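Single chain ahead, written as structure tokens, the form deposited in one PDB entry.
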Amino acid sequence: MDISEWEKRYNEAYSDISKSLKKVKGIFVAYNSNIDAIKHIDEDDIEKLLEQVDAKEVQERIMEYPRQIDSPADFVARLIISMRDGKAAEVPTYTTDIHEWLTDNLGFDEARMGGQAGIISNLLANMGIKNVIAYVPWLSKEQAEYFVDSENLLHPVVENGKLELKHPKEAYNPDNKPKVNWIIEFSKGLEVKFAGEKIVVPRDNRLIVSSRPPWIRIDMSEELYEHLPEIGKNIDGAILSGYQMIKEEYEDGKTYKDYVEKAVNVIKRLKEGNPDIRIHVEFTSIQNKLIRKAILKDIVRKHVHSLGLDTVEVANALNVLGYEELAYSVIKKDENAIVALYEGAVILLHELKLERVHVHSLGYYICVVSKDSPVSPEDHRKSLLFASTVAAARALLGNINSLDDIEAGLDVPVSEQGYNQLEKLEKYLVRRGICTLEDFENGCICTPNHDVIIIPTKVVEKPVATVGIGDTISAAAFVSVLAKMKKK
């Protein structure tokens, strides 16, 4: 009916946060960075691959379906399978050699920074934030190419006797190669003569080779470890992600338990240098539920102050936290879904003792905040509106290059789908007595146990790129909250 009021609030939110970000003195962004590479393969390309491999071996490899890529024949065998069988597929490789072979023999059309940390790192860099300290384990020369040249963006490197911060381009170790994901795309009509058989592809499809090298872990050098307090002293918060690449078993005697214990120490060391620091964790899909549970309960729960996740991820968390039914209700897409999203969010806040849980969905955001939070509900609302604007711009333009680009997102309309979805929640919360019609249309809802802030968002109908928007949403909000709080 009236988004005009929401629209004014959006403008106030943008101006206030734009100015306030000057106050953030530094932010440590760590762990999962990688290169996503895309290649559309034609016939001339396939011919060069076959020129590099033995057909007898590939046919033998094809007979026994391979569940991993270790040799260039494994690649071709899987590639041919997914070429003839219509279905798409993702296959992992546990070596960096595969990427190198592909680079030397195939090429890629486009490449882009990937991973939650690397994206947030570049985002906050172009956003003008001071002291963006990124950390990528075993950073390589190629990886650093995909960081941006900003004076405010740094990375730790050891200069023969001292640990120092330099730009990513000047901080790599020549002895490592990078984690790169290859997405291979082919199209209807592709003809290939293999082993005398002729294969023509029925429909468009993509193949994904996902590098998951076992040596890249949630760990850091002793030099860096002992410098945590000095880093923490000089930043206002940290954004931590990538915990999904911890495995149950590591061949060198380590287990998931050891890297949970390491993760928590990293957080505690940071707090040793700055007791007022605020740690955010971006959550994501974690196939293995034993690990998901440890990440949430063992790591995230009492040591982290802020968590960011999408709708589905709330269900993943609830599911391993003892609420199978409520997870089932959020996953169903019907009217009740947003009622279950709300209550679930409220669960996560208490069960995991956090300052704030930020859930970003398609047409709206929902943030539940503890009563002992250092910033006000009004400020939090300013932060979601800002994050909503940043997401509009990034969807419009493909990427944020400056703090001014963000203003283009103010001109994306508040989504009607999202606004009407809140209407369902509005009725529920009013009837519950939790809420008054005035307080909800305000977007600020206060309750003895917690406050909860809901906004409708600006949704782009023909967006340029949908990669890293969710990561962007959580980062932009967390720093906005960091700007708002104060210190002497």
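Start at 1 and count along the sequence shown; that's the residue number. By rigid core we mean the largest C-alpha set that fits within 1.5 Å across both forms.
Novice: Out of 62-70 and 33-41, which stretch has the higher average CA B-factor listed in the record?
Specialist: Stretch with the higher mean C-alpha B-factor: 62-70.
Novice: On mean C-alpha B-factor from the PDB entry, just flag whether 419-427 or 435-443 is the higher one.
Specialist: The stretch with the larger mean CA B-factor is 435-443.
Novice: Checking the record values for 251, 313, 355, 145, which has the greatest CA B factor?
Specialist: Spelled out: the listed residue with the top C-alpha B-factor is 251.
Novice: Of the options 389, 187, 181, 383, which has the highest CA B factor as deposited?
Specialist: That would be 187, according to the entry.
Novice: Which third, lowest, middle or highest, does the CA B-factor of residue 97 fall in along this chain?
Specialist: Its C-alpha B-factor belongs to the middle third of this chain's values.
Novice: Please say which third, lowest, middle or highest, residue 291 falls into when its CA temperature factor is compared across its chain.
Specialist: As the PDB entry reports it, the C-alpha B-factor of residue 291 lands in the middle third of its chain.
Novice: For the chain shown, is the CA B-factor of residue 18 in the lowest, middle or highest third of its modelled residues?
Specialist: Middle third, going by the recorded CA B-factors of the chain.
Novice: Can you tell me whether residue 246 has a C-alpha B-factor in the lowest, middle or highest third compared with the other modelled residues of the same chain?
Specialist: For residue 246, the deposited C-alpha B-factor lands in the middle third.
Novice: Compared with the other modelled residues in the chain, in which third is the CA B-factor of residue 204?
Specialist: Top third by C-alpha B-factor.
The same protein has a further form, the form deposited in another entry, not shown here; the description that follows concerns it.
Novice: In a superposition on the rigid core, which residue from 345, 80, 304, 235 has a CA displacement reaching 2 Å or more between the shown form and the other one?
Specialist: One residue passes the 2 Å cut-off, namely 80.
Novice: Rigid core fitted, is the C-alpha displacement of residue 183 between the shown form and the other one 2 Å or more?
Specialist: It does shift by 2 Å or more.
Novice: Classify residue 224 as shifted (yes) or not shifted (no) between the shown form and the other one, where shifted means its C-alpha moves by 2 Å or more with the rigid core superposed.
Specialist: It does not, since the residue 224 C-alpha is displaced less than 2 Å between the shown form and the other one after the core fit.
Novice: Determine, after fitting the two forms on their core, whether residue 104 shows a C-alpha shift of 2 Å or more between the shown form and the other one.
Specialist: Comparing the forms between the shown form and the other one, which are aligned on their rigid core, residue 104 does shift its C-alpha by 2 Å or more.
Novice: Considering a change of 3 Å or more, are the Cα atoms of residue 103 and residue 148 closer or farther in the other entry than here?
Specialist: Farther: residue 103 and residue 148 separate by 3 Å or more in the other entry.
Novice: If the CA atoms of residue 184 and residue 467 move by 3 Å or more in the other entry, do they move toward each other or away, so closer or farther than here?
Specialist: Residue 184 and residue 467 sit closer together in the other entry.
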